[PDB]
Amino acid sequence: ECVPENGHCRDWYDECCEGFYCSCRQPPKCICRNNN
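Residue 1 is where the sequence shown starts when you use PDB author numbering, and the numbers rise one by one after that.
1) What is the DSSP secondary structure of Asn6, reduced to helix, strand or coil?
2) Inspect the beta-carbon positions of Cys2 and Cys24 and report whether they are closer than 8 Å.
3) Could you check what DSSP says for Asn34 in three-state terms: helix, strand or coil?
4) Compute the Euclidean distance between the alpha carbons of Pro4 and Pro27, then round it to the nearest angstrom.
Given below as structure tokens:
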């Protein structure tokens, strides 16, 4: 279990799953976001 979708992440420390990439709009605020 990684950080799923709409789970709040960090493209540096808190890893989103392989299936949704960690979209970090302005660090530290981020979520998991699906690759489409």
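Each residue gets a CB set at the ideal place from its N, CA and C atoms; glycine is no exception.
The structure says:
1) Here residue 6 refers to the residue found at position 6 of the sequence shown. If DSSP states are grouped into helix, strand and coil, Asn6 belongs with coil.
2) Reading the sequence shown from its first residue, position 2 is the one you call residue 2. Reading the sequence shown from its first residue, position 24 is the one you call residue 24. The answer is no: Cβ separation not under 8 Å.
3) The residue labelled residue 34 in the question sits at position 34 within the sequence shown. Three-state result, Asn34: strand.
4) One-based indexing of the sequence shown puts residue 4 at position 4. One-based indexing of the sequence shown puts residue 27 at position 27. Taking the straight line from one Cα to the other gives about 18 Å.
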